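K.L.:
Once you've seen the sequence and the experimental structure below, I've got questions.
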Amino acid sequence: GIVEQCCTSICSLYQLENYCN
Amino acid sequence: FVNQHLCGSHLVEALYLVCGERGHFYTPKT
């Protein structure tokens, strides 16, 4: 789940797009 | 925004700025 990478380290546009609707 | 150690509200803002007016499924408790 997103919090295991993007609250602990960096989310970037190409990773963030994976959680787009 | 710019690539950094996001979380919570900043992560919701980043997801909105990437995905656009469409919206996204990650919306945490605050």
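P.N.:
Looks like it came in fine. Numbers count the residues shown, from 1 in each chain, chains lettered A, B, ... in the order given.
K.L.:
can you map out the helices along chain A?
P.N.:
A:3-6, A:13-16 (DSSP state H).
K.L.:
before we move on, what about chain B?
P.N.:
Secondary structure of chain B (DSSP H): helices located at B:8-19.
K.L.:
which parts of it sit against chain A?
P.N.:
Residues of chain B found near chain A, taking C-beta under 8 Å from any C-beta of the partner chain as the criterion, are B:3-8, B:11, B:14-15, B:18-19, B:22-26, B:28. C-beta: built from backbone N, CA, C; applies to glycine.
K.L.:
before we move on, back to that, columns mean neighbour count on top of the helices of chain A, output as CSV?
P.N.:
As requested, the helices of chain A are exported to CSV (neighbours: other C-beta atoms under 10 Å in any protein chain shown):
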stretch, mean neighbour count
helix A:3-6, 14
helix A:13-16, 14
